[PDB]
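A single chain, nothing else alongside it, follows as structure tokens in the form deposited in one PDB entry.
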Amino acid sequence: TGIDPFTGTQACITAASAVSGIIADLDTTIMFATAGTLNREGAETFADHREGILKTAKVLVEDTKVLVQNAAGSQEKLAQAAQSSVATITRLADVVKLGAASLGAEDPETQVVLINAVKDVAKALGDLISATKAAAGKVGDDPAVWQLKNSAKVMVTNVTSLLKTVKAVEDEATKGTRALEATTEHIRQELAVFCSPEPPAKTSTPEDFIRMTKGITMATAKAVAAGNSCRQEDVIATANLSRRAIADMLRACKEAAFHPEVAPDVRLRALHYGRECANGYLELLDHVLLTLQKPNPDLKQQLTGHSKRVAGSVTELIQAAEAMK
């Protein structure tokens, strides 16, 4: 019987047309993204899309193997293999688009890098489907069989390049976030030490304590600036400045408070507002981290309230220092 024996071949032709459209669709998105109009969906951290990309990417690796294995054999099995791969790349493209958009319109250079990485996969799939067609029901020795295997590696090479780009993107997207977190743990360790019953390394004068307190002023303002700019470089600088400023203020506070010439109520008062200041400040940094994950106007206005809470303790801290003489 003349059962249709070019359906596999036919599926390859239809697949090639589909892949052409996806690439054209990714070029369009690169255009929008380059112009800065591919906006973030409020929050929707990159960490979410990363899983969907990776999951779909592993499915695409299986579809690659199925294509290679099924080029020799049934037309129907080849037709099925072609169709499956096109469905997967459609989905992979779409989830990568969402991941790139989740980086936000203020980082357009990285958005385009990400979309191109998946575009490269799309191109490699087109070549792979073309190679299976040329190899459709050919046996091992045939150069088309050689070419099919070679086409499939140039596909998986692209897939791993996509995965490498995703890893590089996410590290850069959180380098400041992860630095600020390191600072909050250091501050907590410092504050646990500050609050511990062990004495400070030495005593000091109100003037040493006072000069550290003023450091809080410059750091709070800086932190507020990083939360408003959301620039990872400002976040890095805030992390470094905040760690030193709070650590220093806690050291001098306890050293000044334990000075023999300080009355027990004034020592008590100084220690209390030292803790208060650090705690208010940790809540400010924690609000900064929330702002970095969903940088809308609402969260940023709330930075004002946190800055006031730190400032309120600073006033107490300065009056406590003066009362040590």
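One-based numbering along the sequence shown. What we label the rigid core is the largest C-alpha set whose atoms superpose within 1.5 Å from one form to the other.
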Between 252 to 260 and 39 to 47, which has the larger average Cα B-factor in the PDB entry?
39 to 47
Comparing 296 to 304 with 50 to 58, which stretch shows the greater average C-alpha B-factor in the deposited entry?
296 to 304
By the CA temperature factor listed in this entry, which of these ranks top: 124, 245, 168, 191?
191
The largest CA temperature factor among 205, 157, 132, 84 is found at 205
Record-listed C-alpha B factor of residue 318: chain third:
lowest
Sorting by Cα B-factor within the chain, modelled residues only, which third would residue 103 end up in: lowest, middle or highest?
middle
Of the three thirds of the chain ranked by Cα temperature factor, residue 231 occupies the highest
Please place residue 136 in the lowest, middle or highest third of its chain by C-alpha B factor as given in the entry.
middle
Chain-relative CA temperature factor third for residue 144
middle
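Note that the form deposited in another entry isn't included here; everything after this is about it.
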To test your reading of the superposition: with the rigid core aligned, which of 38, 292, 262, 284 moves its Cα by 2 angstroms or more between the shown form and the other one?
38
Would residue 103 count as moving between the shown form and the other one, using a Cα shift of 2 angstroms or more after superposing the core as the test?
yes
Just to spell it out: taking the C-alpha atom of residue 44 and the C-alpha atom of residue 297, is that distance smaller or larger in the other form than in the structure shown here, given it changes by 3 Å or more?
closer
Closer or farther: the C-alpha atoms of residue 43 and residue 296 in the other form, versus the form shown, with a change of 3 angstroms or more?
closer
